[PDB]
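A quick write-up on the structure given underneath.
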Amino acid sequence: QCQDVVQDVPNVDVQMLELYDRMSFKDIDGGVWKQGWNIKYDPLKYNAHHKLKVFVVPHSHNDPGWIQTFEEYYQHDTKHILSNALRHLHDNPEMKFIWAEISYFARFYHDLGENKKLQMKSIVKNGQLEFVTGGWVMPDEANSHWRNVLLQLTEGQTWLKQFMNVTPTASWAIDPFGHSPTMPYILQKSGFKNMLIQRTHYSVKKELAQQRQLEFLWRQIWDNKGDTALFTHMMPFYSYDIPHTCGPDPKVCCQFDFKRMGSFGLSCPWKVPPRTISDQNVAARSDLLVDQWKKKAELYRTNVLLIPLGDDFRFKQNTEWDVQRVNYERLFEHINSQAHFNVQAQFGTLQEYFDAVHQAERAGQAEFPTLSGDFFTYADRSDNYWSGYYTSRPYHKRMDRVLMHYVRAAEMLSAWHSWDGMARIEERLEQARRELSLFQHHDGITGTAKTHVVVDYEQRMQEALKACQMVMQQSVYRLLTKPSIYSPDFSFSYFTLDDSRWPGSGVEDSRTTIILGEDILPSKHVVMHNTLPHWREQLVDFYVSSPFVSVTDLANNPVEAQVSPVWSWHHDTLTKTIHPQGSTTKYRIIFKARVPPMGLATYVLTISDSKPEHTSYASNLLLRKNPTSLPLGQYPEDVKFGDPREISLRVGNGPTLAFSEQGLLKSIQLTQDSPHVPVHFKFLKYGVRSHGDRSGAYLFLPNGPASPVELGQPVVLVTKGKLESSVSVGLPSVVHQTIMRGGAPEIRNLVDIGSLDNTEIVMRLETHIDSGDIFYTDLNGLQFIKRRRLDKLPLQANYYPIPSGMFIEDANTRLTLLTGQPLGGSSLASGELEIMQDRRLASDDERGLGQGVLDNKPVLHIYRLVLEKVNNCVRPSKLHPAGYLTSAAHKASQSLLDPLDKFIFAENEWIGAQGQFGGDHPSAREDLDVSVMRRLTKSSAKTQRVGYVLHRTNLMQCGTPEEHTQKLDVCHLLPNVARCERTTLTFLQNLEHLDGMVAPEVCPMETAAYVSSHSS
Ligand SMILES: CC(C)(C)c1ccc(C(=O)C[C@@H]2CC[C@@H](O)[C@@H]3[C@H](O)[C@H](O)CN23)cc1
Ligand SMILES: *[C@@H]1O[C@H](CO)[C@@H](O)[C@H](O)[C@H]1NC(C)=O
Ligand SMILES: [Zn+2]
């Protein structure tokens, strides 16, 4: 059956949390290998019967945006690199080259004439040009959601299968800023056999090199058996450039980068240039080079050595191809003919290296260690920890999560039908997938690109959101209209989307008001979509032009509703206060929507002359000295005023929350009899150092612990309703809101750092939970990993990515904070959690960007805050490196990432309207998700195919009885199934033909893919 992911601590040779606890991290001068030691080798190790096999692997690192946009780099650099690679590889049969970024390759290939397309296919088929990874990009591993890592992998590999007839099984990741085990998890389930990484902490490189543990079988932290393991090669040195890839001494290796002699505008900072290889110098030059190679080889276990040969946007000019190739050819000819070296060297590809390593392994020449854990937080030198980019450009980090959900919902809603080509569904979805995939780049979501490049990514994502909206609204109109009435114009807007949290109140005025009136329109249809495979209830809200509005379902049953004002916050430059203003013509109506699994539900909003029977009205209380009136038009309850004071609120039977006179949470009481548990929100600021290294887009280099934000006497607004209550406060740089709907509260921060140079704003929670030095953070929204604060490392080293959540706990109590956007955070003291909101930095931090971060804009960050008793939960033992969410915390995360979608009918009358779609869909167990539903065939295919990715998380057992749910068989969701296959996660290879056309559910922590085939 399924592996137990909770109760069995895996036995591994290297466990990264344990390694961290033991290591001293001393930054000593190691000599020419500045962060290592003087490597020694026995010249007699290699001989006639045991030679060192060396593969020199030419490469070119091509960023899809960084200092220039994607299109700018394509025009100025990449198109020339690819054109000259085609010519030079065609003309020189022994030359080799690897390529990673399929976004660029697809852009190039589609512009080639047919003759050159054929030449290109031939150099791929014969093994000269080899694709590595084959993703659209080389993604960030810290901020990216696993769903989007899979999306971009699939986009690149699907293109490669169709046009190049290849599927890479070796991955190459030389530039992301630290590395996540989410990568081998996805890769191993997508047919991969090997992977390579580079950016790991210099102290980790030294420690693993000393033990020859730089090649390892990387398994997941919970995996007892080892079925998830993927062979991994970690590079040993400071960079992927030529000076740091031939061996330990960059002053020597730089002399073998033949682009650095002068005419290309490049030089060697160690002050010894390369020299052209000649018959008079080749013996001395070979002496030097082979010595570097044999030193590098000492760090690894086989007689097969990998020597990358490349750098950023290399291999651009014909003269560069010639200068590298001819000089290396002269070296190979000498070395391979001199028996005393006992070396055979040649150009190679990445797969050729790994194939030779495993041949050596099978011959019994080496065994490899097992490893679990991650490689965050990275430092490349001294105290320069790269935790800044966990937060940089937070507006676009939030946008990533919004678009993630819109892509999923658009692909799912449109998958139910086959569409005519005239509907442009495939076209719009391909655009949306490619723009989101592009943004996964390690200069996209990371917030590490130049200002105009960030603007390009934003514009691309906005076009993607519009594409998703078009596809979603056409799909809803088709799914909910009587078939013999349905009459689509594929360019028309039948519905508009309403989104309450993006761009958000105070960020953009983007939401449409539903206009009703006795002399214009009495009522309006709205529709909710639920992408999750279980029945779901959620409060939804709409703007309406009257407070006298009632809600009905499509059987005309009344639905209880609440009306509240529309409140907007203003920085009043006259009075120098931050305060709310209410609308006198627009109101919010709020009601509970109930929606089938993967389904739709229709409701109707109707105006009346006076207060409706089933609609209530919130009270409003403004707490401030020196109040002035706040008129609200037709709204039936007058606003009340008071001096600042402590207050308490409770919605339904849920928790009771207490707030300070500054409008910030101070305690949570779970039930009527229970204690008021101290839980305090506080805002603080970090600064920048006045001497030494400065914080920038990459680096977090604080000038000591954070200092409290001076709050003054802020204005607090309290709204109290039967369905929803809230407390909002206008603080310097942040409008902070706590919202209560009967369960764990929602927190929203409208963050505007303004002109506060050299400031990072942090949100901290203070509790009395006895967590000590332990906390938990997630990796890519997929898994929670145990962290240990280490006082032997600086503050910035204790910051980790918070891509979707974090928690602290003791024997009895847990506090979990879930996020709707990736940000950086930590627990710097027992009982605390903190998460960075935004950062504005005037200085460049010397990693090539050449600017600070001064382009901040208002962003609405969203969260859920879950306080729970955990004394009854079955948790992992003290030595287990993982943690797991409870049911309530998991559902709270889903409420942020995949909320209900809301659609407003755009015309006056919807002819043929229906009340529901998906009432007969199975309601699956709460830990199971249909992460992806995607139709894989166009309408002309006789046999239609639909792909599903199914993910089961693992939730803690805490004594809540399980109610029976229904089995979900994705292969029977569409009618007329003829075949069901288990596939790789990219859908590109069939792995299992399934009995009775039934797709089995997956085990906890597992992800599987299935494709159903249908007669059409
Ligand atoms: C010359 C100097 C300014 C001191 C410098 C230093 C370091 C780097 C990198 O680490 C390589 C960087 C790391 C950050 C990342 O944003 C960039 C781009 O992705 C590009 O591919 C090279 N990458 C580059 C330049
Ligand atoms: C694609 O690759 C396979 C495996 O090498 C080969 O059998 C097939 O003929 C190739 N398809 C082509 C060249 O169209
Ligand atoms: Zn890069």
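In what follows, residues are counted from 1 in the order of the sequence shown. As the structure lists them, so they are numbered: ligands from 1, and atoms in each ligand from 1. FYI, side chains are in, hydrogens and waters are out, and symmetry mates aren't considered; it's all heavy atoms of this structure.
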If the threshold is 4.0 Å, N to carboxylate O, is there a salt bridge linking [X] and [Y]?
X: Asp383; Y: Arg689; value: yes
X: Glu130; Y: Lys96; value: no
X: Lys857; Y: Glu458; value: yes
X: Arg199; Y: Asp175; value: yes
X: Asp140; Y: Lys397; value: no
X: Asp855; Y: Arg393; value: yes

NE2 (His442) to the Zn ion (ligand 3) to OD1 (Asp63) angle, given to the nearest 10 degrees: 90°
Atom indices of ligand 1 within 4.0 angstrom of [X] heavy atoms, with elements:
X: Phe177; answer: 14 (C), 15 (C), 16 (O)
X: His61; answer: 21 (O)
X: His442; answer: 19 (O)

Considering only heavy atoms, does [X] approach ligand 1 within less than 4.0 Å through its side chain, its backbone, both, or neither?
X: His441; result: neither
X: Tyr240; result: side chain
X: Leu849; result: neither

Closest to atom 18 (C) of ligand 1 among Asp175, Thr446, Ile67 (heavy-atom distance): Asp175
Option with minimal heavy-atom separation from atom 16 (O) of ligand 1, where the choices are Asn62, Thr448, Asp443, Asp844: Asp443
Please state which protein non-hydrogen atom is closest to [atom] and give its distance, to 0.1 Å?
atom: atom 3 (C) of ligand 1; answer: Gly848 N, 3.6 Å
atom: atom 2 (C) of ligand 1; answer: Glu846 O, 4.0 Å
atom: atom 21 (O) of ligand 1; answer: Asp63 OD2, 2.5 Å

Going by the angle between their ring planes, with limits at 30° and 60°, are [X] and [Y] parallel, tilted or perpendicular?
X: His201; Y: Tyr385; answer: tilted
X: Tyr74; Y: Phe70; answer: parallel
X: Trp33; Y: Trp37; answer: tilted

Cation-pi geometry met for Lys206 and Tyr202 (6.0 Å, 45°): no
Donor-acceptor pair between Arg847 and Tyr698 side chains, under 3.5 angstrom: no
Side-chain donor-acceptor contact under 3.5 Å, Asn62 with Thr78: yes
Closest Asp175 atom to the Zn ion (ligand 3) [N, O or S only]: OD2
NE2/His61: more than 12 non-hydrogen atoms of other groups inside 6.0 Å: yes
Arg199 to ligand 1, any heavy atom closer than 4.0 Å: yes
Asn165: numbered ligand 2 atoms lying under 4.0 Å from its heavy atoms: 1 (C), 2 (O), 3 (C), 8 (C), 10 (C), 11 (N), 12 (C), 13 (C)
Per-atom contacts of ligand 2 with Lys125, taking only distances under 4.0 Å to non-hydrogen atoms: 13 (C)
Check: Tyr698 N/O within less than 3.5 Å of ligand 1 N/O: yes
Heteroatom proximity flag, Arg847 to ligand 1, N/O under 3.5 Å: no
Please tell me if [atom] is touched by the protein, where touching means a protein heavy-atom distance below 4.0 Å.
atom: atom 8 (C) of ligand 1; result: yes
atom: atom 5 (O) of ligand 2; result: no
atom: atom 8 (C) of ligand 2; result: yes
atom: atom 11 (N) of ligand 2; result: yes

